Every structure is written in structure tokens, then in C-alpha cells.
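One structure is given below, encoded as C-alpha cells.
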Amino acid sequence: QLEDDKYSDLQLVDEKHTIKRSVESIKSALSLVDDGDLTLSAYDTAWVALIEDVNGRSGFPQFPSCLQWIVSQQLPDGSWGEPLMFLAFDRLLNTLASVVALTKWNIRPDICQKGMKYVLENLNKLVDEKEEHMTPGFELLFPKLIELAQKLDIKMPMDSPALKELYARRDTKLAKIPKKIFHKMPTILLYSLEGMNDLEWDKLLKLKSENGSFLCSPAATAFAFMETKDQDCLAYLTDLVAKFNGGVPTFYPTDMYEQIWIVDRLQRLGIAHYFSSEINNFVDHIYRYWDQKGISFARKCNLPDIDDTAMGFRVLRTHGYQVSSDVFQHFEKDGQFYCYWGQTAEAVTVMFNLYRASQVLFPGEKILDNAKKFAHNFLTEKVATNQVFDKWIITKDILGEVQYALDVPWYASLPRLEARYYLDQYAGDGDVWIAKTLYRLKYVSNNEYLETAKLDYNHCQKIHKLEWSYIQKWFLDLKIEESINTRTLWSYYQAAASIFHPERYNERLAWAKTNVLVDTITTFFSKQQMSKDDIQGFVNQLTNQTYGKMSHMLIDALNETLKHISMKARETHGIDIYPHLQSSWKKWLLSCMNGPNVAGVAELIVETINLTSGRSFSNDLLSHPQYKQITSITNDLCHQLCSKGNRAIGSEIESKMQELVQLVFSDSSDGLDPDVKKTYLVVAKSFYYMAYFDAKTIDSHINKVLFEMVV
């Protein structure tokens, strides 16, 4: 029912301006991205506030602004912590630390007492909390706070069942510490250094990160300074205390983690094309500080992790930067993958992100093939066992995200399909991550991305629905013998779900009509039992014998379509493409003489897209050696796919797609233009998609992508 007021042109115009305004808003907010924008932590701020004046000014703290920040942040119930997501351990850590800091420096006894009232009242309720919910290191960090409080004469209930139980778990964890390794190399243990004893600072001080911190943790670095007076540790804290007006987060910097996840989310939400300038800058930064040993959450932290590594790897490769899969060997041992030494990569989202990285593999990258099998099995079982949850991330629909990954390989993840599902899963402001304490990444998880992405999608969807009506009319006006069948909608959807942008209507519509006519021509060849000689005559009429009234009507219908396509393409660029389209169809039609009729369809579609877009003339494809190469791989690939039948997609097809991926994303300065290259992958995926899913699933995809507005 496109007679409504919402499909009117004036309404569509206002939506575009509204979308453009939101895009400019995001763009200005993204211009402020620097070293990381994280939740500030009262726990870490309190630890920094404990530092005594370094020039001997007895009775005064070194960082008074930290104490003032703490004062300003107390919640109405007397606690400190994440205001909107309540977590008992988060509140207890942030609150007792704040009380201890303020007590040490004799500040606001009224605030201290409200704070202690909350701690003492919620201490006993730790009994009612199971083991798997206690935040990382709590059994080490909270007892340490109790120790500091007792020495300030804050009396605690040490006979409480809750604390007797807590201190028991502290004792076992401390007994499990591998002291030698912990003192020999950077480990995740340094991030919780303040909760440990049995320290040989002679060796630990060799493990400082490049910015002078211990694992980029202000609390651990403040603890280290008070134990050792290390001047590098003090410099890290001084710079940090000046950047956020006293309040500090639970780790800093976080530039790699933040900028990588920005690119990922914008890409998955389907609006990354609006931020190519900003995304190119982010990816540039990621590549500049890429390391063959892996990357951390900060370029200046000395502990790489598999999650940052797997996400930066995938983002860098799909952006065209050369990166070796050998990096993952630093996170693999005896057939198992690890976040870092001592911590298996047992988290769902980490395995989710690893599975995603493994699928961009090139031929011969066995470690990525091992990772794919490993992660796919891990995730499939957590889905079957009804366990798709991460104890250390509060998100909206982690199950849906994992389900989509297992149901839709990357080779079959059409752009609009990926976005359509993620738009219902992305949490916006609601994503709360769990480290020592709860924190939020505003540049990664916010409601403005989601709202803008939903508006853009439903807007493109309105354009698609209008184009679909136009395609139905164009086909019927070519009254030859056929009707609007299911295959006609598939032919448009295949184009619209990949090249979806409203401004790219010429490419999308030309591809859609080409699918339709390829379907019609090949069906005609079959029904009429046309020989090679018959097809030969069919070609001569197209360009300049030929018999059969229906033959002449198909040739004219083809030529009229090509004339119309090139007509509309004049608005994009000025070069007349009709001769080149005729040549491309001549080449395909002649290929139907010598072999299967799907042998060169992919080349025909790709050339049509490159011509209507104008990329065939922006770059001299001509005899660039990669042109013949990518054309042959793609034709062979889509030959294997469309003519696989009822076989399953086997190893040979997977390997050929890997060949294409390697060519497409191995950008060189003198290589074929990347945008031209990526078109071949776009079409190949659309062939893979059609061979991977059954009819009923395709239909369900079509309804959701094209006809279900995003709520």
C-alpha cells in the first residue's frame, strides 16, 4: 500500500535531513575520541587519594582533587558505584574504598558514616550470593579494604559468616598464585596487585607498562607507589588525575579497545558508511600500534589479550591492512585458546569475537581454521546446553548475537541481514561491562547510535519497498510470457540486501534486472531446447540468422532494459555504458554456447555494477593482471555454488572463497582498486547465501529485511 503519506516524497526528504542531522551529531561526538572515555571509579579514585603528600606535608593528600570527586559522587543510600546497574560487589568495593580514603584525611564524617552504614548493612547479605556472581578479584580486593579500614579504627564484624567465608576464599586464591611466573612476566594478576602479598618489588618493578603503570590500573599503580615510591608510577597517576578532574576509571588508557569496538558496532549497525572519515582515522591508529605479539586494550599496556587481538585483526584485514594470523599463536596452547596466560578464553563473547575473526582467514592459515572449529563447537554447545551467557557482561541479547553467528556464516551474511538482526540486539546505553568494577563505554554503547541506525534502516527499507513495486511494474511492462514469481522477489532482494544505499539505486536496480533477465533467458534456452547454433543466432540479433518471434521479443526486451539502465546511469556519471553492457551480455551469452549457462553470470553481474557505478572508468581495469585473476576465481566460485545442486558446500568451495577473500583484502598500492575488488566479494557472497539457505529460510529473511520495519 504505497499510496500512504509515509511513502510520499516530501516525507522521505524530511527523513533524510533528520538522519543527516543525527549523523553530524555523531560525527562531532566522535571528533572528541582520544585515549578513552570510561565510567569513573570511586574504588580507583579512593586508592589514588590514599597517597600521602610526597614533599612531607604531613596531614595532606598528594591528590586532593580525588577526595573532592569522591565527596561529590555519593548516592542517596550512602553507597558509591554504577548508579543504574546495581551489583552488590560493585557497591561494596566502591563504597568502602571511598570511606577509607575520606576517613584517612578526616573529610566529611557525615558522609563516612552514611557510607559505613551501607557497608555494614550489606556485608551480611554476601552469604545469599552464590560463588559465580562475585566480581573478579573481590575475594582479594575487598579484604584489603577491610584491612585498611581496621587500621583507621573502623570496626568491622570479623566474626560475621559473610566475612569468615570471604576470607576463606581469599586464602585459597592467594595459595594458588604462581609466584615465580607472576614475578617473571606481565600477567593479568598485576591488574589486581593491590590485593596481594608476598611481593618481590625488585622483580615486579621490571613489569611496569610503558606509561609507568601496572597494567594501566590506577589502584594497582597507586598501591605500588605507596609500597615503593616509584617515580614512573607517580607520573602515570599525576597525568591521570589532571585529565578527569580527580576521578579516575578502573583502567586507563583504553584507546585500542575503544576505537576497535567503535568500528565494530558502527559496522554491525549498518551505518558505518556515514563515518568513513572517522573510521579510517580509527583504523589508522589501530594499525600504527599493531604488534605481532598481539595488542592490549591500550597501546601503552604491556599485556596483550586475545579479544583485542581478534577484533583488531578482523577490523584491520577487512579494511585492507596486511596482518599475519601468526599473532594468534601467542594465545594458543595445546589446542586451547587463552585470553592471556592463566586464563582460558572461556567467555562467550570472547569466543564469539574469535569465531568472527577466524572466518576472514586466507588459504593456508591453519591456526584460524583451528580457531573456527574450536570456537564454533564451544558456541554451539553453549547454545544447545542453554548456557549462552557471560558472567561478566550485562547485555541485551547475547544469545541472539551468538545465534546469528552460528546460523549465518560470514560468507552468507548479507549487509542488510546482519544489520536487521543486530538492530534488535544492540543494547545502546544498557551495555555494562564488568572488570574490577562496573563500567560503561559511551562511544561503543549508546542510544544515539541505535536510534540513528534504526531510522536509517527503516528509511532505506521504505526506498526498497518503493523500488520493489517499480521492479514488478517494469517486468510486467516487458510482457513476454511470464508473471511476478517468487524468483522475481529473490532477484531484487539479492541486490537490495547487499547494495542497499538509497544513493546507489542505479547499481542495485541494474543488478536486480540482470538477475531477472538471466533467469528469463536461461529458462528460455532450456524450454526451447536451443542448440549452440541457436544461441549463436540469438547473439547476432542483440548486436546486429535469428528466428522465432519470442526470440526477437526477448532480445528487444533485453536491449530496452540496457538502454534504460545506461540512461539512468547518466545521472551518476557522464560516460555512456550501453556499448559496454551489450558487450558484457554478448560475452555471457557466448559462454552459454561452450558450457554451463551459470559459468559467467557472476562476471556479468559484477561488470554491470562496476559500469553503472562508473568504477570501470575511474580505474583502468583493462589488463591489470588482478582483473583476469579475480574474474576467473569469481566465475569459478559462482559456477561451483549455483551448480552444486543438493550437495553441501564442501571444502573446495570454502577454499575458493578464501582465495577470493585473500585477493580482495590484500590491498597493494599498485593493486586493483579495492572498491572494484570488493564488488566481486559482494556478488560471491550473494551466491553463497542462496546456496546455503533453503527456500523457507530465504523467504523469512526477505520478509524481515524488506517488509518488517525495525521497532
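Following the order of the C-alpha cells, chains are lettered A, B, ..., residues in each are numbered from 1, and ligands are numbered from 1.
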
Counting only C-alpha atoms, what are the residues of region 136-239 of chain A within 10 Å of region 342-348 of chain A, and for each of them which pair of atoms is the nearest and at what distance in Å, to one decimal? Sort the table by chain and rising number, as a tab-separated table.
residue	atom	partner	partner_atom	distance
A:178	CA	A:342	CA	9.5
A:187	CA	A:342	CA	8.1
A:188	CA	A:342	CA	8.2
A:189	CA	A:342	CA	9.3

Surrounding residues of residue 704 (chain A) excluding itself and chain neighbours under 4 positions, 12 Å, only C-alpha atoms, as a ChimeraX atom specification: /A:416-421,423-424,457-458,461,493,497,697-700,708-711

Could those residues be written to a file, using N, CA and C atoms, as an mmCIF file, in the first residue's frame?
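Writing the result to out_17.cif gives the following:
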data_model
loop_
_atom_site.group_PDB
_atom_site.id
_atom_site.type_symbol
_atom_site.label_atom_id
_atom_site.label_comp_id
_atom_site.auth_asym_id
_atom_site.auth_seq_id
_atom_site.Cartn_x
_atom_site.Cartn_y
_atom_site.Cartn_z
ATOM 1 N N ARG A 416 22.379 -6.159 4.802
ATOM 2 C CA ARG A 416 21.101 -5.791 5.402
ATOM 3 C C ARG A 416 20.591 -6.866 6.353
ATOM 4 N N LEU A 417 20.904 -8.138 6.090
ATOM 5 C CA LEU A 417 20.518 -9.191 7.022
ATOM 6 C C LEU A 417 21.234 -9.019 8.355
ATOM 7 N N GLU A 418 22.542 -8.754 8.311
ATOM 8 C CA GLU A 418 23.301 -8.559 9.541
ATOM 9 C C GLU A 418 22.755 -7.382 10.337
ATOM 10 N N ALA A 419 22.543 -6.247 9.667
ATOM 11 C CA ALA A 419 22.034 -5.068 10.357
ATOM 12 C C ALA A 419 20.634 -5.310 10.904
ATOM 13 N N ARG A 420 19.759 -5.924 10.104
ATOM 14 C CA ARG A 420 18.374 -6.105 10.528
ATOM 15 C C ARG A 420 18.295 -6.869 11.843
ATOM 16 N N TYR A 421 19.169 -7.858 12.033
ATOM 17 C CA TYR A 421 19.149 -8.621 13.277
ATOM 18 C C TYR A 421 19.836 -7.867 14.411
ATOM 19 N N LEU A 423 20.104 -4.718 14.898
ATOM 20 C CA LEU A 423 19.327 -3.574 15.360
ATOM 21 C C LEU A 423 18.352 -3.959 16.462
ATOM 22 N N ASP A 424 17.955 -5.230 16.531
ATOM 23 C CA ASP A 424 17.092 -5.718 17.596
ATOM 24 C C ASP A 424 17.868 -6.247 18.794
ATOM 25 N N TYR A 457 17.796 2.552 8.734
ATOM 26 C CA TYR A 457 17.383 1.275 8.163
ATOM 27 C C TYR A 457 15.948 1.342 7.655
ATOM 28 N N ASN A 458 15.016 1.748 8.521
ATOM 29 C CA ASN A 458 13.621 1.838 8.104
ATOM 30 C C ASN A 458 13.454 2.803 6.941
ATOM 31 N N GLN A 461 14.605 0.919 3.973
ATOM 32 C CA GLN A 461 13.574 -0.085 3.728
ATOM 33 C C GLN A 461 12.398 0.509 2.963
ATOM 34 N N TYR A 493 15.732 -8.796 -3.962
ATOM 35 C CA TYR A 493 16.263 -8.866 -2.604
ATOM 36 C C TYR A 493 17.764 -9.134 -2.608
ATOM 37 N N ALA A 497 19.683 -6.355 -0.540
ATOM 38 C CA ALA A 497 20.266 -6.721 0.744
ATOM 39 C C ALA A 497 21.778 -6.540 0.788
ATOM 40 N N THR A 697 13.751 -20.527 4.582
ATOM 41 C CA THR A 697 14.550 -19.588 5.362
ATOM 42 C C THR A 697 14.788 -18.299 4.586
ATOM 43 N N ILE A 698 15.082 -18.412 3.286
ATOM 44 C CA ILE A 698 15.238 -17.224 2.447
ATOM 45 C C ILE A 698 13.998 -16.347 2.557
ATOM 46 N N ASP A 699 12.820 -16.946 2.353
ATOM 47 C CA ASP A 699 11.577 -16.187 2.411
ATOM 48 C C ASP A 699 11.448 -15.452 3.740
ATOM 49 N N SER A 700 11.743 -16.142 4.845
ATOM 50 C CA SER A 700 11.674 -15.496 6.152
ATOM 51 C C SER A 700 12.660 -14.338 6.245
ATOM 52 N N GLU A 708 9.526 -6.003 7.295
ATOM 53 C CA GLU A 708 9.343 -5.825 8.733
ATOM 54 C C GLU A 708 10.125 -4.589 9.161
ATOM 55 N N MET A 709 9.409 -3.502 9.439
ATOM 56 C CA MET A 709 10.037 -2.294 9.957
ATOM 57 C C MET A 709 10.671 -2.573 11.316
ATOM 58 N N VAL A 710 11.819 -1.949 11.562
ATOM 59 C CA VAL A 710 12.521 -2.114 12.830
ATOM 60 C C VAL A 710 11.793 -1.317 13.905
ATOM 61 N N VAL A 711 11.439 -1.987 14.997
ATOM 62 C CA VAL A 711 10.683 -1.359 16.074
ATOM 63 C C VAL A 711 11.567 -0.378 16.833
#

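When the distance limit is 7 Å and only C-alpha atoms are what count, the residues near region 210-226 of chain A, minus those fewer than 4 positions from it on the same chain, are residues 44, 47, 48, 51, 190, 191, 192, 193, 194, 230, 232, 233, 234, 236, 237, 250, 251, 252, 253, 300, 301 and 302 of chain A.
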
Residues from the last selection, N, CA and C atoms, saved as an mmCIF file, in the first residue's frame:
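Result file follows (again.cif):
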data_model
loop_
_atom_site.group_PDB
_atom_site.id
_atom_site.type_symbol
_atom_site.label_atom_id
_atom_site.label_comp_id
_atom_site.auth_asym_id
_atom_site.auth_seq_id
_atom_site.Cartn_x
_atom_site.Cartn_y
_atom_site.Cartn_z
ATOM 1 N N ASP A 44 38.952 3.180 42.425
ATOM 2 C CA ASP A 44 40.280 3.569 41.966
ATOM 3 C C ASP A 44 40.622 4.985 42.400
ATOM 4 N N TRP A 47 41.776 4.871 45.997
ATOM 5 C CA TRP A 47 43.137 4.361 46.130
ATOM 6 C C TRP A 47 44.164 5.439 45.810
ATOM 7 N N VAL A 48 43.917 6.232 44.766
ATOM 8 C CA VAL A 48 44.842 7.311 44.439
ATOM 9 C C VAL A 48 44.825 8.376 45.527
ATOM 10 N N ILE A 51 47.331 8.334 48.651
ATOM 11 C CA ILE A 51 48.745 8.680 48.573
ATOM 12 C C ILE A 51 49.009 9.929 49.401
ATOM 13 N N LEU A 190 48.758 -8.580 37.723
ATOM 14 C CA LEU A 190 49.191 -7.223 38.033
ATOM 15 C C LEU A 190 48.016 -6.254 38.094
ATOM 16 N N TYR A 191 46.949 -6.523 37.338
ATOM 17 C CA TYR A 191 45.785 -5.643 37.349
ATOM 18 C C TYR A 191 45.137 -5.576 38.726
ATOM 19 N N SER A 192 45.308 -6.609 39.550
ATOM 20 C CA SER A 192 44.779 -6.655 40.910
ATOM 21 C C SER A 192 45.911 -6.711 41.933
ATOM 22 N N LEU A 193 46.996 -5.986 41.659
ATOM 23 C CA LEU A 193 48.184 -6.073 42.502
ATOM 24 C C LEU A 193 47.903 -5.647 43.937
ATOM 25 N N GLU A 194 46.977 -4.710 44.135
ATOM 26 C CA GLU A 194 46.742 -4.151 45.460
ATOM 27 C C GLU A 194 46.152 -5.158 46.438
ATOM 28 N N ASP A 230 57.979 4.500 43.491
ATOM 29 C CA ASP A 230 58.463 4.534 42.116
ATOM 30 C C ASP A 230 57.955 5.781 41.404
ATOM 31 N N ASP A 232 58.004 6.575 38.182
ATOM 32 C CA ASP A 232 57.201 6.347 36.984
ATOM 33 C C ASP A 232 55.738 6.128 37.348
ATOM 34 N N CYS A 233 55.484 5.358 38.409
ATOM 35 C CA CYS A 233 54.114 5.158 38.865
ATOM 36 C C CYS A 233 53.465 6.483 39.245
ATOM 37 N N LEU A 234 54.220 7.364 39.906
ATOM 38 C CA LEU A 234 53.672 8.658 40.299
ATOM 39 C C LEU A 234 53.350 9.517 39.082
ATOM 40 N N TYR A 236 52.436 8.473 36.019
ATOM 41 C CA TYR A 236 51.189 7.971 35.449
ATOM 42 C C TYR A 236 49.984 8.523 36.194
ATOM 43 N N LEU A 237 50.046 8.534 37.527
ATOM 44 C CA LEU A 237 48.902 8.972 38.318
ATOM 45 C C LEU A 237 48.705 10.481 38.223
ATOM 46 N N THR A 250 38.651 2.467 36.099
ATOM 47 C CA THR A 250 39.283 1.250 36.586
ATOM 48 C C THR A 250 40.439 0.783 35.709
ATOM 49 N N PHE A 251 40.582 1.322 34.502
ATOM 50 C CA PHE A 251 41.796 1.150 33.719
ATOM 51 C C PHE A 251 41.894 2.319 32.751
ATOM 52 N N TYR A 252 43.130 2.740 32.466
ATOM 53 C CA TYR A 252 43.360 3.818 31.517
ATOM 54 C C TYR A 252 44.802 3.769 31.061
ATOM 55 N N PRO A 253 45.086 4.015 29.770
ATOM 56 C CA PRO A 253 44.136 4.325 28.683
ATOM 57 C C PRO A 253 43.331 3.110 28.223
ATOM 58 N N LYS A 300 49.632 1.395 25.268
ATOM 59 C CA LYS A 300 50.695 1.580 26.244
ATOM 60 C C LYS A 300 50.641 0.567 27.381
ATOM 61 N N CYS A 301 49.797 -0.456 27.274
ATOM 62 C CA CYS A 301 49.760 -1.553 28.232
ATOM 63 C C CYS A 301 50.570 -2.726 27.692
ATOM 64 N N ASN A 302 51.260 -3.430 28.589
ATOM 65 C CA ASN A 302 52.205 -4.463 28.185
ATOM 66 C C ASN A 302 51.629 -5.873 28.279
#

Distance query region 359-362 of chain A at most 6 Å, only C-alpha atoms, self and fewer than 2 positions along chain excluded, as a ChimeraX atom specification: /A:356-357,365,658,662

Take the residues from that selection and put them in a file with C-alpha atoms, as a PDB file, in the first residue's frame.
ATOM      1  CA  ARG A 356      34.253 -13.897  13.732  1.00  0.00           C
ATOM      2  CA  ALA A 357      37.978 -13.294  13.230  1.00  0.00           C
ATOM      3  CA  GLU A 365      46.242 -20.133   7.750  1.00  0.00           C
ATOM      4  CA  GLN A 658      39.249 -17.970   0.857  1.00  0.00           C
ATOM      5  CA  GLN A 662      42.738 -13.093   0.209  1.00  0.00           C
TER       6      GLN A 662
END

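The smallest atom-to-atom distance between residue 289 (chain A) and any of A:395, A:351, A:310, A:256, using only C-alpha atoms, is found for A:256.
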